[PDB]
Amino acid sequence: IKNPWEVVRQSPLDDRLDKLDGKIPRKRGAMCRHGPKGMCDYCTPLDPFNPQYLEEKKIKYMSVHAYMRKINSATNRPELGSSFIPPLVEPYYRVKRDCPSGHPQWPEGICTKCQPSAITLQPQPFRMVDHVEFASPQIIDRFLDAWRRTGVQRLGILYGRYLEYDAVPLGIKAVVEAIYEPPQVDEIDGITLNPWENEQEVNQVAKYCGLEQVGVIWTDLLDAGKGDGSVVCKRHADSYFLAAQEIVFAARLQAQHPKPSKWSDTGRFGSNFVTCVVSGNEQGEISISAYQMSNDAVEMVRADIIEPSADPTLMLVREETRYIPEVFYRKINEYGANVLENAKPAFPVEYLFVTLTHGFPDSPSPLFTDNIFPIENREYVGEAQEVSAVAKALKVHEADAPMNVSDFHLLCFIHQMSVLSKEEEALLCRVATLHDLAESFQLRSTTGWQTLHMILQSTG
Amino acid sequence: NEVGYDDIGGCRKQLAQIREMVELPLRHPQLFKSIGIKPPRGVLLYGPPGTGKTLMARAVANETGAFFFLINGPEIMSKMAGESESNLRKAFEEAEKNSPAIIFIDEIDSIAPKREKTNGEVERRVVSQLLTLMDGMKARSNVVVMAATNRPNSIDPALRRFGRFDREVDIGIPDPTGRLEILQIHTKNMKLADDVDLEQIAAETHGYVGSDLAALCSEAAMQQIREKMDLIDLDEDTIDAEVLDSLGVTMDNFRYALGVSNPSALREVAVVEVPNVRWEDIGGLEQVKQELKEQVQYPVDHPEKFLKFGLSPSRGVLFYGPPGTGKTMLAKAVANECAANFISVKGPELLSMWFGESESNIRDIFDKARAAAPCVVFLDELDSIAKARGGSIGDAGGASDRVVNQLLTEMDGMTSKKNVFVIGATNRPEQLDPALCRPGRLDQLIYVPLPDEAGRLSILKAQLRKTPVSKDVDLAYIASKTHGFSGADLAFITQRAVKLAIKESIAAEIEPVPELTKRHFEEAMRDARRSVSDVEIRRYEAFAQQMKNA
Amino acid sequence: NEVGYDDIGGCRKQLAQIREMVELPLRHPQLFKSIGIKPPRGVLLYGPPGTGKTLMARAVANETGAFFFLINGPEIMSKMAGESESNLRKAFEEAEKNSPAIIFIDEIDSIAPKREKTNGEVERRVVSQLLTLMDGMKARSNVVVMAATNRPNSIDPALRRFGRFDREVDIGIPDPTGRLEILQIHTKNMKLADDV
Ligand SMILES: Nc1ncnc2c1ncn2[C@@H]1O[C@H](COP(=O)(O)OP(=O)(O)OP(O)(O)=S)[C@@H](O)[C@H]1O
Ligand SMILES: Nc1ncnc2c1ncn2[C@@H]1O[C@H](COP(=O)(O)OP(=O)(O)OP(O)(O)=S)[C@@H](O)[C@H]1O
Ligand SMILES: Nc1ncnc2c1ncn2[C@@H]1O[C@H](COP(=O)(O)OP(=O)(O)OP(O)(O)=S)[C@@H](O)[C@H]1O
Ligand SMILES: [Mg+2]
Ligand SMILES: [Mg+2]
Ligand SMILES: [Mg+2]
Ligand SMILES: [Zn+2]
Ligand SMILES: [Zn+2]
């Protein structure tokens with residue numbers, strides 16, 4: 001039957017991004033030997049993957065689409081349908097199953113036709129998302145209220161959508177709207193989760209709101225003890241950037257969130273799921289470092305290969321079911337040479353992440369404008385989820401007052417109340433995200449929101 | 001798996017060298033400190049492949065109380081770029097840490113070819129890493145570097161220069177005495193039968209290395225198992241112990257194992273080997289016997305009269321005469337007399353090694369004979385050097401070619417003080433240039449005539465020393481009738497007569513006669529045929545009258 | 001292990017040359033300054049292998065009050081790509097710093113074969129590094145470059161051209177007079193008998 005890339009379906013953004021070359025058109029350059037409708041070696045339009053263009057624009061890696069249009073010819077294109085080669089290959093560092101050479105499975109049998117290859121941890125030449133647009137500082141300033149009251153760290157989940165980021169060519173931006181937090185037992189240097197219980201529920205809110213789990217955020221905010229918000233400069237050049245337990249644990253969640261792709265052999269490639277670490281700069285102000293594991297770093301967690309050390313910069317190679325061949329990493333020495341060092345038993349963790357930029361809009365107009373809810377799983381600071389706030393939050397005993405539901409924490413609490421049905425809550429999350437007046441007037445005339453009135457006109 | 005002195009055998013003289021070179025500076029560095037000389041840190045082993053060169057390393061190394069640091073050839077070359085040269089630096093720092101230290105490097109040519117004849121700069125770095133780190137050592141380190149190869153010529157000679165490697169130690173092919181000892185090493189672990197005569201085996205094995213002998217021991221063991229395969233069922237998971245106790249290797253298994261693919265030794269090189277023929281085995285020609293007793297035995301026995309008389313001898317002896325006159329055996333019997341070492345070199349052996357271009361070995365013929373002084377160098381079939389260009393008539397090219405021009409250098413490149421001797425022999429002496437017959441090169445010229453009937457008597461006495469001949473055999477009546485027949489012809493008659501005897505022996509078995517009858521002879525005597533024309537002799541007798549006109 | 005003039009013997013005429021070529025410009029650069037000629041900075045040693053060519057270097061070098069720098073041929077060729085040419089640049093800057101300076105290079109042919117007869121461009125760079133850095137020197141530096149080999153023909157001749165290496169100095173095989181002196185050098189440390 002068909003290919004996966006003949007049955008999988010891209011995102012609408014991936015539908016938007018395919019119809020563009022992303023080519024950067026030069027005008028008549030230096031060594032033009034032509035009239036103005038001629039060309040020379042120096043007035044061609046440019047590439048999205050052009051390294052001199054990425055160097056002058058200080059752009060670290062090309063986008064995954066700029067990677068896509070680099071590695072593939074234009075003719076090899078899925079609108080052919082049947083005759084299409086997916087240029088992307090999701091890594092398969094597990095074990096060649098169903099081996100066609102007479103020997104048993106991987107277990108009990110091995111030959112050359114079933115073994116995977118030894119890993120060359122180069123830097124990944126591309127990344128998925130380039131910019132991390134936090135849609136409001138009030139998204140953050142709400143979120144960092146737990147740390148200012150306690151001082152211990154905080155984990156969250158990035159919600160939102162992926163849009164075009166036009167500053168870099170073919171840039172995808174992680175527009176961030178919302179954060180939900182599962183039950184968890186919080187400590188200082190590490191965090192261990194409790195299992196998340198309403199897994200279909202909060203995901204249904206994003207399905208209502210038109211959001212999804214677009215990534216993960218957590219914090220590394222250790223106040224440096226001078227009372228301003230300065231940190232111990234701990235995530236920088238000399239120390240490290242990513243804790244290696246954070247790398248594996250995010251790659252656990254990143255394996256839980258791949259992205260379907262019409263350009264890859266499984267019909268899926270990479271991951272929409274991204275990673276952010278809130279920290280502090282050298283200047284003593286609350287900064288953010290955004291990353292994502294490489295497609296090897298996902299696979300070596302999927303194929304159970306690497307392991308953290310006591311040194312956060314060193315990553316251990318696991319000793320011996322499975323198959324652990326060489327790992328390398330290409331270097332640049334002090335005269336530019338590329339030396340693949342033996343990564344057994346340990347190696348730098350540099351070759352596993354990609355760097356991302358991060359920021360804000362010029363003026364905050366997110367899909368959420370309201371902030372009225374005490375955050376879940378904080379009964380250790382007395383910040384709980386009770387029904388009694390809705391008399392002041394949605395203002396239902398003050399029955400004239402308009403709709404303050406523009407709050408994802410509260411929208412999940414309304415979804416925790418689970419009163420509005422699947423069409424009326426998608427009429428709520430219609431009005432909770434778009435705020436139409438005649439549709440608020442429709443929702444204030446719907447039965448279930450008037451049921452949500454008349455139930456909460458009789459509470460205390 | 002851990003090697004003592006007893007585990008190696010036969011090459012005692014070579015081990016006598018290495019104990020002076022390796023055992024001696026380590027357990028007593030004070031001796032070189034007391035005498036005030038530098039200990040040699042340049043021990044180099046070489047020889048044919050598979051000759052215990054790796055084995056003799058640990059045979060010395062495990063018999064010290066010194067630290068040892070093993071270093072293989074292809075193991076470094078297996079490594080990646082830069083990292084391979086790191087391990088050499090990682091080698092010597094540990095040895096200069098643990099200062100009584102032994103560094104053995106097996107297969108040194110793999111990490112050190114010629115820098116002229118190589119392609120990768122990674123090879124050129126690791127040579128350059130080695131040349132650097134050899135010189136970075138100290139005499140106070142008291143660290144000995146050992147290296148072994150099977151191709152001593154493929155090495156970059158900058159190692160073989162002074163300060164880096166000075167002690168060229170060759171491991172030659174052992175004698176039947178020493179290889180007897182080698183058989184006893186492998187068979188003392190083995191379970192044999194009482195019929196096993198290793199001395200009979202060691203006599204019957206002539207050009208084998210110990211690897212050939214170890215394969216020889218392993219081969220006859222398998223045939224012993226092949227005899228037991230009827231009593232052994234392979235579907236069984238464990239055979240019983242009664243066939244294990246009866247599993248004792250017979251002498252005939254080695255008789256089987258001597259006629260197997262095992263025999264194919266490594267003998268296709270320029271070898272040095274003591275001969276076996278003697279003066280009694282060459283009948284007649286006692287005049288030129290004494291001439292060799294004059295010309296070559298007096299210098300190897302008494303150089304004292306020369307310095308008494310202030311005169312260096314003639315080192316160049318040329319044998320000549322008609323073909324088939326035993327001229328090959330003459331140099332062997334005289335090296336067997338005065339116990340000098342012997343190197344047999346034939347004509348096409350020069351040429352066939354020069355289609356593969358082995359001419360440093362031609363120099364190394366003189367060098368190994370210089371290493372094995374006293375030694376005689378025997379050049380068989382000098383007409384073949386002329387026949388490289390057909391002859392002196394030939395393809396209009398004479399005897400002179402690239403072979404002669406090499407040999408005239410190497411013959412003149414010999415110190416007259418050295419007792420290393422060069423023996424030339426041809427049967428076509430007119431067809432050789434006088435440039436090789438030049439005084440200083442080859443000035444003694446010895447005609448080898450046919451024997452008389454008394455010589456033909458003495459040959460037939462000497463040839464039939466190991467044959468169960470009849471009692472009625474009048475060899476003199478044979479010697480009366482054999483007149484123009486060479487010594488090769490007389491042996492050819494016996495090969496006919498034994499074949500005539502086997503045409504009675506196994507004929508009678510199919511129709512033990514261990515006697516060679518007159519009826520076996522008078523058939524071959526009627527079938528006897530002369531191989532040398534007398535008009536050819538009248539040439540040689542005119543040369544025997546006068547070749548000095550040239 | 002530190003070599004004076006007495007430790008070498010026999011090749012007196014050759015040492016008479018080098019003292020005119022190396023000892024003379026260093027302890028008296030004024031002589032070439034007074035006569036107004038350029039000091040030769042192109043001292044080249046050559047001869048058969050194992051003839052004291054490395055030995056006569058320190059026999060001159062330790063008998064100056066000048067700075068000395070040592071370069072081995074295979075030591076540079078042992079190094080990685082780019083880093084090997086760095087050490088040559090690190091060599092001459094120290095010598096042009098400590099201006100009375102002696103640069104001896106043992107086994108010059110290993111870092112400088114013929115550019116026609118070579119394969120690696122890394123060899124061709126380090127030759128090209130050498131040809132560059134020889135010309136980058138100055139007469140005011142008062143720095144003498146010594147080089148020794150056993151194969152004077154295998155060298156790229158662009159070194160042996162003018163300005164880079166002009167002073168071809170051969171070390172011949174000594175006479176029985178001079179090699180008698182060489183025996184006395186080695187045996188005066190030795191303990192002998194009176195019959196010797
Ligand atoms: N002369 C010998 N005496 C005893 N055992 C020997 C002798 N020669 C070879 N052997 C055996 O055969 C093996 C061959 O290994 P080596 O001769 O030491 O290797 P090699 O001589 O360096 O030649 P290679 O390995 O082919 S380059 C030895 O390890 C012994 O087991
Ligand atoms: N006088 C002799 N005494 C003993 N054996 C002899 C005598 N003459 C010839 N032979 C035998 O003849 C064979 C050949 O000996 P060679 O020295 O090779 O003969 P040659 O004179 O060298 O001429 P060719 O071309 O080599 S056969 C050997 O088997 C010798 O034993
Ligand atoms: N003429 C000499 N006088 C005294 N000692 C000498 C003489 N020639 C050689 N030697 C000794 O032998 C050693 C050989 O070192 P060098 O001759 O200087 O090396 P080389 O001449 O550069 O030839 P290499 O190193 O093989 S390229 C010297 O260090 C001395 O110990
Ligand atoms: Mg070996
Ligand atoms: Mg012959
Ligand atoms: Mg030298
Ligand atoms: Zn143009
Ligand atoms: Zn397989």
# chains A, B, ... in the order shown; residues from 1 in each chain; ligands from 1

$ select_by_dssp --residues "stretch 6-134 of chain C" --states "strand (DSSP E)" --output "number ranges by chain"
C: 42-46, 67-72, 101-106

$ interface_residues --of "chain C" --to "chain B" --cutoff "10 Å" --atoms "only C-alpha atoms" --output "ChimeraX atom specification"
/C:49-51,72-81,110,117-123,186-192

$ write_last_selection --atoms "N, CA and C atoms" --output "CSV table (one decimal), in the first residue's frame"
chain,number,residue,atom,x,y,z
C,49,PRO,N,76.5,10.0,6.2
C,49,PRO,CA,75.8,9.9,7.5
C,49,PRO,C,76.7,9.5,8.6
C,50,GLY,N,76.4,9.9,9.8
C,50,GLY,CA,77.1,9.5,11.0
C,50,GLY,C,78.5,10.0,11.0
C,51,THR,N,78.7,11.3,10.6
C,51,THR,CA,80.0,11.9,10.5
C,51,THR,C,80.2,13.1,11.4
C,72,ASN,N,64.9,19.6,15.0
C,72,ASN,CA,65.1,18.3,14.4
C,72,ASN,C,64.2,18.2,13.2
C,73,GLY,N,64.7,17.5,12.2
C,73,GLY,CA,63.9,17.2,11.0
C,73,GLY,C,62.6,16.4,11.2
C,74,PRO,N,62.8,15.2,11.7
C,74,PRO,CA,61.6,14.4,11.9
C,74,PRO,C,60.7,14.8,13.0
C,75,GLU,N,61.2,15.7,13.9
C,75,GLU,CA,60.3,16.2,15.0
C,75,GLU,C,59.3,17.1,14.4
C,76,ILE,N,59.6,17.9,13.4
C,76,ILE,CA,58.6,18.8,12.8
C,76,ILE,C,57.6,17.9,12.0
C,77,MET,N,58.2,16.9,11.3
C,77,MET,CA,57.4,16.0,10.4
C,77,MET,C,56.6,15.1,11.3
C,78,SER,N,56.9,14.9,12.5
C,78,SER,CA,56.1,14.1,13.4
C,78,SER,C,54.8,14.8,13.7
C,79,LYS,N,54.8,16.2,13.7
C,79,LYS,CA,53.7,17.0,14.2
C,79,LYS,C,52.6,16.9,13.2
C,80,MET,N,51.4,17.4,13.7
C,80,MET,CA,50.2,17.5,12.9
C,80,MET,C,50.3,18.5,11.8
C,81,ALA,N,49.2,18.6,11.0
C,81,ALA,CA,49.2,19.6,9.9
C,81,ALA,C,48.9,21.0,10.5
C,110,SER,N,64.5,16.0,5.5
C,110,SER,CA,63.2,15.4,5.9
C,110,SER,C,62.1,16.4,5.9
C,117,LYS,N,59.7,16.0,-6.4
C,117,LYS,CA,59.7,14.6,-6.0
C,117,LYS,C,59.2,14.6,-4.5
C,118,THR,N,57.9,14.7,-4.4
C,118,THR,CA,57.2,14.6,-3.1
C,118,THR,C,55.7,14.4,-3.4
C,119,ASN,N,54.9,14.0,-2.4
C,119,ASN,CA,53.5,13.7,-2.6
C,119,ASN,C,52.6,14.6,-1.8
C,120,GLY,N,52.9,14.6,-0.5
C,120,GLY,CA,52.0,15.4,0.4
C,120,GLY,C,52.2,16.9,0.3
C,121,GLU,N,51.1,17.6,0.2
C,121,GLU,CA,51.1,19.1,0.2
C,121,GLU,C,51.5,19.6,1.6
C,122,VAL,N,51.3,18.8,2.6
C,122,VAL,CA,51.8,19.2,3.9
C,122,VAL,C,53.4,19.2,3.9
C,123,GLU,N,54.0,18.3,3.2
C,123,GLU,CA,55.4,18.5,2.9
C,123,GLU,C,55.7,19.7,2.1
C,186,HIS,N,87.4,9.0,22.1
C,186,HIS,CA,86.5,8.1,22.7
C,186,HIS,C,87.2,7.2,23.8
C,187,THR,N,88.5,7.0,23.6
C,187,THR,CA,89.2,6.1,24.5
C,187,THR,C,89.7,6.8,25.8
C,188,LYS,N,89.7,8.2,25.8
C,188,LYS,CA,90.2,8.9,27.0
C,188,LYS,C,89.2,8.8,28.1
C,189,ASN,N,87.9,8.5,27.8
C,189,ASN,CA,86.9,8.2,28.8
C,189,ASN,C,87.0,6.7,29.1
C,190,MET,N,87.5,5.9,28.2
C,190,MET,CA,87.5,4.4,28.4
C,190,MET,C,88.7,4.1,29.3
C,191,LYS,N,88.6,2.9,29.8
C,191,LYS,CA,89.7,2.3,30.6
C,191,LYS,C,90.4,1.2,29.8
C,192,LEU,N,91.6,1.4,29.5
C,192,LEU,CA,92.3,0.6,28.6
C,192,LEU,C,93.5,-0.2,29.3

$ closest_residue --among "B:458, B:104, B:160, B:84" --to "ligand 3" --atoms "only C-alpha atoms and all ligand atoms"
B:160

$ residues_around --residues "residue C:23" --least-positions-apart "2" --cutoff "9 Å" --atoms "only C-alpha atoms" --output "list in words"
residues 18, 19, 20, 21, 25, 26, 27, 28, 60, 61, 63 and 64 of chain C

$ residues_near_ligand --ligand "ligand 2" --cutoff "8 Å" --atoms "only C-alpha atoms and all ligand atoms" --output "short mmCIF file (atom, residue, chain, number, x, y, z; two decimals) with N, CA, C and O atoms, in the first residue's frame"
data_model
loop_
_atom_site.label_atom_id
_atom_site.label_comp_id
_atom_site.auth_asym_id
_atom_site.auth_seq_id
_atom_site.Cartn_x
_atom_site.Cartn_y
_atom_site.Cartn_z
N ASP B 281 83.67 -38.08 -0.26
CA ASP B 281 82.52 -38.20 -1.14
C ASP B 281 82.79 -37.65 -2.53
O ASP B 281 81.92 -37.75 -3.40
N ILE B 282 83.95 -37.04 -2.75
CA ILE B 282 84.36 -36.59 -4.06
C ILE B 282 85.61 -37.37 -4.42
O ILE B 282 86.67 -37.17 -3.83
N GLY B 283 85.48 -38.27 -5.38
CA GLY B 283 86.58 -39.13 -5.76
C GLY B 283 87.51 -38.42 -6.73
O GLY B 283 87.08 -37.66 -7.58
N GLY B 284 88.81 -38.69 -6.57
CA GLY B 284 89.81 -38.15 -7.46
C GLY B 284 90.02 -36.65 -7.29
O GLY B 284 89.51 -36.01 -6.36
N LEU B 285 90.81 -36.11 -8.22
CA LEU B 285 91.14 -34.68 -8.32
C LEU B 285 91.81 -34.16 -7.06
O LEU B 285 91.58 -33.02 -6.64
N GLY B 321 85.88 -25.87 -16.18
CA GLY B 321 86.08 -27.16 -16.76
C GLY B 321 84.89 -27.55 -17.61
O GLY B 321 84.03 -26.74 -17.92
N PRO B 322 84.84 -28.81 -18.02
CA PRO B 322 83.66 -29.32 -18.71
C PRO B 322 82.48 -29.43 -17.76
O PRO B 322 82.66 -29.47 -16.54
N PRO B 323 81.26 -29.44 -18.29
CA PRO B 323 80.08 -29.58 -17.43
C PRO B 323 80.00 -30.96 -16.81
O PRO B 323 80.61 -31.93 -17.28
N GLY B 324 79.22 -31.04 -15.74
CA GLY B 324 78.96 -32.30 -15.07
C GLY B 324 80.17 -32.91 -14.41
O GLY B 324 80.33 -34.13 -14.43
N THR B 325 81.05 -32.09 -13.85
CA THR B 325 82.27 -32.57 -13.22
C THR B 325 82.29 -32.31 -11.72
O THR B 325 83.37 -32.24 -11.13
N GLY B 326 81.12 -32.19 -11.10
CA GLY B 326 81.03 -32.13 -9.66
C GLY B 326 81.54 -30.84 -9.08
O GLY B 326 81.88 -30.79 -7.89
N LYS B 327 81.58 -29.78 -9.88
CA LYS B 327 82.14 -28.51 -9.44
C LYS B 327 81.27 -27.85 -8.40
O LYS B 327 81.76 -27.02 -7.62
N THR B 328 79.99 -28.20 -8.36
CA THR B 328 79.10 -27.69 -7.33
C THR B 328 79.50 -28.22 -5.96
O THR B 328 79.52 -27.47 -4.98
N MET B 329 79.87 -29.49 -5.88
CA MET B 329 80.14 -30.09 -4.58
C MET B 329 81.49 -29.71 -4.03
O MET B 329 81.77 -29.99 -2.85
N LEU B 330 82.36 -29.11 -4.85
CA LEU B 330 83.73 -28.87 -4.44
C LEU B 330 83.80 -27.80 -3.37
O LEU B 330 84.48 -27.97 -2.35
N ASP B 380 77.41 -20.38 -8.28
CA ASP B 380 77.17 -21.44 -9.24
C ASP B 380 76.62 -20.86 -10.53
O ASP B 380 75.95 -19.82 -10.53
N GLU B 381 76.95 -21.54 -11.64
CA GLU B 381 76.36 -21.31 -12.96
C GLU B 381 76.65 -19.90 -13.46
O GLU B 381 75.74 -19.11 -13.72
N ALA B 425 82.35 -20.55 -10.16
CA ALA B 425 82.37 -21.81 -10.88
C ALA B 425 81.51 -21.71 -12.12
O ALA B 425 80.33 -21.35 -12.04
N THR B 426 82.09 -22.05 -13.26
CA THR B 426 81.34 -22.16 -14.49
C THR B 426 81.85 -23.37 -15.25
O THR B 426 82.84 -24.00 -14.87
N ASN B 427 81.15 -23.69 -16.32
CA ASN B 427 81.62 -24.67 -17.27
C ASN B 427 81.92 -24.06 -18.63
O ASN B 427 82.44 -24.76 -19.50
N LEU B 450 88.22 -34.27 -16.38
CA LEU B 450 87.60 -35.55 -16.12
C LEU B 450 88.55 -36.42 -15.31
O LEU B 450 89.77 -36.28 -15.41
N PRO B 451 88.02 -37.30 -14.47
CA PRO B 451 88.88 -38.25 -13.78
C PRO B 451 89.41 -39.30 -14.73
O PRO B 451 88.87 -39.51 -15.82
N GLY B 455 90.29 -42.35 -10.95
CA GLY B 455 89.33 -41.40 -10.44
C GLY B 455 87.91 -41.91 -10.59
O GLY B 455 87.11 -41.82 -9.66
N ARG B 456 87.61 -42.50 -11.75
CA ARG B 456 86.31 -43.12 -11.96
C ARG B 456 86.10 -44.31 -11.03
O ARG B 456 84.97 -44.59 -10.64
N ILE B 459 85.28 -42.53 -7.67
CA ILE B 459 83.93 -41.99 -7.67
C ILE B 459 82.91 -43.09 -7.44
O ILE B 459 82.04 -42.97 -6.57
N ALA B 462 82.93 -43.96 -4.09
CA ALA B 462 82.31 -42.93 -3.27
C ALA B 462 80.82 -42.80 -3.54
O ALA B 462 80.06 -42.48 -2.62
N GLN B 463 80.38 -43.02 -4.78
CA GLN B 463 78.95 -42.89 -5.05
C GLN B 463 78.16 -44.05 -4.48
O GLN B 463 77.00 -43.87 -4.09
N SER B 486 81.86 -38.98 -17.72
CA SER B 486 82.07 -38.06 -16.62
C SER B 486 81.63 -38.69 -15.30
O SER B 486 81.05 -39.78 -15.26
N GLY B 487 81.92 -37.99 -14.21
CA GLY B 487 81.42 -38.41 -12.91
C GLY B 487 79.91 -38.30 -12.82
O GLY B 487 79.27 -39.07 -12.09
N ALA B 488 79.33 -37.36 -13.56
CA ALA B 488 77.88 -37.32 -13.70
C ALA B 488 77.38 -38.52 -14.48
O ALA B 488 76.30 -39.04 -14.18
N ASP B 489 78.15 -38.97 -15.48
CA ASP B 489 77.75 -40.12 -16.27
C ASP B 489 77.73 -41.38 -15.43
O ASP B 489 76.84 -42.23 -15.60
N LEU B 490 78.68 -41.51 -14.50
CA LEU B 490 78.76 -42.70 -13.67
C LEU B 490 77.57 -42.78 -12.72
O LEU B 490 76.98 -43.85 -12.55
N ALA B 491 77.20 -41.65 -12.13
CA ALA B 491 75.99 -41.60 -11.32
C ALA B 491 74.75 -41.81 -12.16
O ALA B 491 73.77 -42.40 -11.69
#

$ closest_residue --among "B:187, B:83, B:117, B:138" --to "chain A" --atoms "only C-alpha atoms"
B:83

$ interface_residues --of "chain A" --to "chain B" --cutoff "9 Å" --atoms "only C-alpha atoms" --output "list in words"
residues 339, 340 and 341 of chain A

$ closest_atom_pairs --of "chain C" --to "ligand 3" --cutoff "8 Å" --atoms "only C-alpha atoms and all ligand atoms" --output "JSON lines"
{"residue": "C:7", "atom": "CA", "partner": "ligand 3", "partner_atom_place_in_ligand_line": "4 (C)", "distance": 7.1}
{"residue": "C:8", "atom": "CA", "partner": "ligand 3", "partner_atom_place_in_ligand_line": "4 (C)", "distance": 5.1}
{"residue": "C:9", "atom": "CA", "partner": "ligand 3", "partner_atom_place_in_ligand_line": "3 (N)", "distance": 5.7}
{"residue": "C:10", "atom": "CA", "partner": "ligand 3", "partner_atom_place_in_ligand_line": "1 (N)", "distance": 6.8}
{"residue": "C:11", "atom": "CA", "partner": "ligand 3", "partner_atom_place_in_ligand_line": "1 (N)", "distance": 7.1}
{"residue": "C:47", "atom": "CA", "partner": "ligand 3", "partner_atom_place_in_ligand_line": "21 (O)", "distance": 7.6}
{"residue": "C:48", "atom": "CA", "partner": "ligand 3", "partner_atom_place_in_ligand_line": "23 (O)", "distance": 7.0}
{"residue": "C:49", "atom": "CA", "partner": "ligand 3", "partner_atom_place_in_ligand_line": "23 (O)", "distance": 3.8}
{"residue": "C:50", "atom": "CA", "partner": "ligand 3", "partner_atom_place_in_ligand_line": "17 (O)", "distance": 3.2}
{"residue": "C:51", "atom": "CA", "partner": "ligand 3", "partner_atom_place_in_ligand_line": "8 (N)", "distance": 3.4}
{"residue": "C:52", "atom": "CA", "partner": "ligand 3", "partner_atom_place_in_ligand_line": "17 (O)", "distance": 3.2}
{"residue": "C:53", "atom": "CA", "partner": "ligand 3", "partner_atom_place_in_ligand_line": "21 (O)", "distance": 3.8}
{"residue": "C:54", "atom": "CA", "partner": "ligand 3", "partner_atom_place_in_ligand_line": "18 (O)", "distance": 3.3}
{"residue": "C:55", "atom": "CA", "partner": "ligand 3", "partner_atom_place_in_ligand_line": "18 (O)", "distance": 4.2}
{"residue": "C:56", "atom": "CA", "partner": "ligand 3", "partner_atom_place_in_ligand_line": "18 (O)", "distance": 6.9}
{"residue": "C:106", "atom": "CA", "partner": "ligand 3", "partner_atom_place_in_ligand_line": "22 (O)", "distance": 6.7}
{"residue": "C:107", "atom": "CA", "partner": "ligand 3", "partner_atom_place_in_ligand_line": "27 (S)", "distance": 5.8}
{"residue": "C:148", "atom": "CA", "partner": "ligand 3", "partner_atom_place_in_ligand_line": "22 (O)", "distance": 6.7}
{"residue": "C:149", "atom": "CA", "partner": "ligand 3", "partner_atom_place_in_ligand_line": "27 (S)", "distance": 5.9}
{"residue": "C:150", "atom": "CA", "partner": "ligand 3", "partner_atom_place_in_ligand_line": "27 (S)", "distance": 5.3}
{"residue": "C:174", "atom": "CA", "partner": "ligand 3", "partner_atom_place_in_ligand_line": "1 (N)", "distance": 7.4}
{"residue": "C:179", "atom": "CA", "partner": "ligand 3", "partner_atom_place_in_ligand_line": "1 (N)", "distance": 7.5}
{"residue": "C:182", "atom": "CA", "partner": "ligand 3", "partner_atom_place_in_ligand_line": "3 (N)", "distance": 5.4}
{"residue": "C:185", "atom": "CA", "partner": "ligand 3", "partner_atom_place_in_ligand_line": "4 (C)", "distance": 7.2}
{"residue": "C:186", "atom": "CA", "partner": "ligand 3", "partner_atom_place_in_ligand_line": "5 (N)", "distance": 7.8}

$ residues_around --residues "residue C:94" --least-positions-apart "4" --cutoff "10 Å" --atoms "only C-alpha atoms" --output "PyMOL selection string"
chain C and resi 67-69+89-90+98-99+101

$ closest_residue --among "C:178, C:82, C:4, C:36" --to "chain A" --atoms "only C-alpha atoms"
C:82

$ atom_distance --atom1 "atom CA of residue B:102" --atom2 "atom 29 (O, counted along the ligand's line) of ligand 1"
18.9 Å

$ residues_around --residues "residue C:132" --least-positions-apart "3" --cutoff "12 Å" --atoms "only C-alpha atoms" --output "JSON, numbers by chain"
{"C": [85, 88, 89, 92, 125, 126, 127, 128, 129, 135, 136, 137, 158, 159, 163, 164]}

$ atom_distance --atom1 "atom CA of residue A:363" --atom2 "atom CA of residue A:56"
28.4 Å

$ closest_residue --among "A:370, A:362, A:18, A:334" --to "chain C" --atoms "only C-alpha atoms"
A:334

$ residues_near_ligand --ligand "ligand 8" --cutoff "10 Å" --atoms "only C-alpha atoms and all ligand atoms" --output "MDAnalysis selection string"
chainID A and resid 95:106 109:116

$ interface_residues --of "chain A" --to "chain C" --cutoff "10 Å" --atoms "only C-alpha atoms" --output "PDB file with C-alpha atoms, in the first residue's frame"
ATOM      1  CA  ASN A 333      42.089  22.138  17.055  1.00  0.00           C
ATOM      2  CA  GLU A 334      44.168  25.316  17.199  1.00  0.00           C
ATOM      3  CA  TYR A 335      44.940  24.888  13.468  1.00  0.00           C
ATOM      4  CA  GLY A 336      41.492  23.957  12.232  1.00  0.00           C
ATOM      5  CA  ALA A 337      41.991  20.204  11.833  1.00  0.00           C
TER       6      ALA A 337
END
